[PDB]
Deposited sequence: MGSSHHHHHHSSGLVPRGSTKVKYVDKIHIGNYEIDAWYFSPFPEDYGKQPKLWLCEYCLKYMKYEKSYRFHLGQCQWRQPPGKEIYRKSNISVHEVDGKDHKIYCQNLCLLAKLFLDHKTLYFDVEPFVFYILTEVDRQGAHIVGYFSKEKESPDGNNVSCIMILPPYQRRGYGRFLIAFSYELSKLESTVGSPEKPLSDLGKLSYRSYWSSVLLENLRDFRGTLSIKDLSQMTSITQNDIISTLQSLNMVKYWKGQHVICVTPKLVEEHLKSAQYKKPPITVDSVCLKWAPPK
């Protein structure tokens, strides 16, 4: 039998996918997770005890972003191994394609939290290879179900590209994307590109946004804003065509935005 339900913080969450918590753990009905250190436990009683003893009230590593009560922590898999393993097992409950859980040393993890008087509460994360041959600026990205559809995922995507910009390089999420992942990246790419054509070659857009030319082209194609002339993709849009898309119900602007002023981060 698999883990099919977790209790974390004040939430109970049903699993979407198999996650390889150890047999005894992963043959318990429900796992209880400390929302701060992500230790997983078998019993309500061991969970209650731990809550009284655990002194963590935020993720480990460095707080590299903080605006109002939104916080991002940068966590090196090498320095912070158990925590990152616990994070990956948690993540795997909601990711179909994640294959890596214990071998966390090659990754850096960016943890999103909502802060209040009690502590910094985990919302989601993304992982990123320290060295990615495929130029992936995201390995996996996950927002916990009770926080989904509220702009946190868009925030993390935007955040991952701010990192890429600061690294002066283009980046793309590692494939295959979930359907939810595709919806979110298509939505993000479209907004960013449209806004850049409201207020330019594909080469220029890629340099300005750190979106890869491939992702720009596929996005522009879905928007019918590219012409194809003898094997070159050429941007073809009118400033009013741009604005029709942005003004429609399709593109909302009530986001949480990444404020570069609140980002404390120097490139690897």
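Against the full deposited sequence, the model leaves out several stretches, namely 1 to 22, 222 to 225, 295.
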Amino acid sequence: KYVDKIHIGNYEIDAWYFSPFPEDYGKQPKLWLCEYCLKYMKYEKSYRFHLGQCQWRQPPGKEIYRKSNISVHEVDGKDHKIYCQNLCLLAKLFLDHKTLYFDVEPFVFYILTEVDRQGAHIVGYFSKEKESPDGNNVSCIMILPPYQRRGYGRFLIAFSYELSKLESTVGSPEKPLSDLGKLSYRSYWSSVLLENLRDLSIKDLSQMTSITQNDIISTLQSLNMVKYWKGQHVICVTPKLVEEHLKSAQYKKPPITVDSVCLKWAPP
From here on, numbers count along this sequence of modelled residues.
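Set 209 to 217 against 33 to 41 and average the Cα temperature factors; 209 to 217 ends up higher. The stretch with the higher mean CA B factor, choosing between 164 to 172 and 109 to 117, is 164 to 172. For the set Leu197, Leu156, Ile143, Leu87, the PDB entry puts the maximum C-alpha B factor at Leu197. Among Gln232, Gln53, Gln58, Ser68, the highest C-alpha B-factor recorded in the PDB entry belongs to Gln232. In the deposited entry, the Cα temperature factor of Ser127 sits in the bottom third of values across the chain's modelled residues. Among the modelled residues of its chain, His97 has a C-alpha B-factor that falls in the highest third, as given in the PDB entry. Among the modelled residues of its chain, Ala15 has a C-alpha B-factor that falls in the lowest third according to the deposited record. Ranked by C-alpha B-factor against the other modelled residues of its chain, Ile6 falls in the lowest third. In this PDB entry, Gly181 carries a Cα temperature factor that places it within the middle third of its chain's modelled residues.
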